[PDB]
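As structure tokens, one chain now follows by itself in the form deposited in one PDB entry.
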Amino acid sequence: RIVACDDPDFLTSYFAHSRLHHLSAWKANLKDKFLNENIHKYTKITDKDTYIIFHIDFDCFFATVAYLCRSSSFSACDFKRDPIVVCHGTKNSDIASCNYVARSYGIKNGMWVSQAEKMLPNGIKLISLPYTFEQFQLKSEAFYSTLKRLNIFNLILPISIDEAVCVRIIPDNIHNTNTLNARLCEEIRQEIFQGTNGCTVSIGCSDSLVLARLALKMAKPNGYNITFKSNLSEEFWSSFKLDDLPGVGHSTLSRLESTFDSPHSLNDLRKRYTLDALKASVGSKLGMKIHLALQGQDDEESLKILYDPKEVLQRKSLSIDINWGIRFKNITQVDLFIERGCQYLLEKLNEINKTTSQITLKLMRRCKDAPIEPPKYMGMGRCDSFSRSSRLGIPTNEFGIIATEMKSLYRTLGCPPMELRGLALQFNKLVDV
């Protein structure tokens, strides 16, 4: 029934179930597809061009598709009336996606099922649907195909399985730009709904990447929003949390909330901040990025994907990360796992016709004062992260060289097998042919 981490089937089984594995693998495939489809198309934007960004994503993607494709066992439930989540388990299992009914009760993606169940009023039951991974891929394919078929974008950039940044180069100062672009948003939404047999998308439309992303958030669910730099207002900025900004996650949020005393929205932040205080709080680069974002402007790093997508989407490293289900008794089993992981990576490296000249082993070790078993079944729990890299010299795809050095890096780090809670094996530098 259960495949343990010392079983040869473990990696196959874990990756077959892991939604985060699928997200990353799908993204890697989409980047490759982009490169292959545009090998003769030399399209890119310059700092002289005027353009409009359409940032397009599916509403509650896994929930929508899992519902549409649900087994006969779930015939009864109603996507507009019932709170619906996609997950594996029944207690401390991540909600991959939840529908907007579930969200009306305060349920959010990434919440455990056990937290979610508490938020429902008595009587109302949470509906848990299984993942339909294959069908997520087919719906994505129909999405990307529709975007291309419309023949309206100069550039279509894959962000994720359910999300694309689509660029139209346009003349500066078009008359009736808001109406003309609204019509495009309406057409796009209709075509994708038809082309995916009933999945909805939202669209954020602007003249910068950062504003198009924010506009998309404002549009959800099942809508569009057009907010150009010239349309910015306090009311717009009042609608966004600080971590709605790209590059602001949980850690950066914590720092900003401390420095600026818990602003409730981007408008509150806009009113309190200085560039110097930002940089002191979150560092020079991120500080500048945020400052620019609060003016509706993109930083230069973010713009690289417009100016040279082929360079940006090129793969520069290859790794696996397993930080769930890792429970080893001894070093013999750790070594066998490292060997299997190295072969998995070599099969991928060989499939993309590359070699590697540098590797890294990263591990998660149980914190001294953390419980031996965490609350989440097979979770890593609270850990310290340690890593060591090695240059191999000449670029290679030889198992003997790579795997031997990986096992050696494990020994240098000195983690007792019973304290190990996660492992990452990385090929950091790749060379073609």
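Only residues modelled in both forms are compared. For clarity, a rigid core is taken as the largest C-alpha set superposing within 1.5 Å between two forms. All residue numbers are counted from 1 along the displayed sequence.
Another form exists, deposited in another entry; not displayed. Remarks below refer to it.
| message | To test your reading of the superposition: with the rigid core aligned, which of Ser284, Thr90, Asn173, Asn197 moves its Cα by 2 angstroms or more between the shown form and the other one? | response | Just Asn173.
| field | Closer or farther: C-alpha pair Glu301/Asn173 in that other deposited form, relative to this form, given a change of 3 Å or more | value | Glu301 and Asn173 sit farther apart in that other deposited form.
| query | Looking in that other deposited form, are the Cα atoms of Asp172 and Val210 closer together or farther apart than here, the change being 3 Å or more? | reply | Distance between the C-alphas of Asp172 and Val210: longer in that other deposited form, by 3 Å or more.
| query | Fitted on the core, where are the consecutive stretches (at least 3 residues) whose C-alpha atoms all shift 2 Å or more between the shown form and the other one? | reply | When the rigid core is held fixed, residues 46 to 49, 171 to 176 are the runs that shift.
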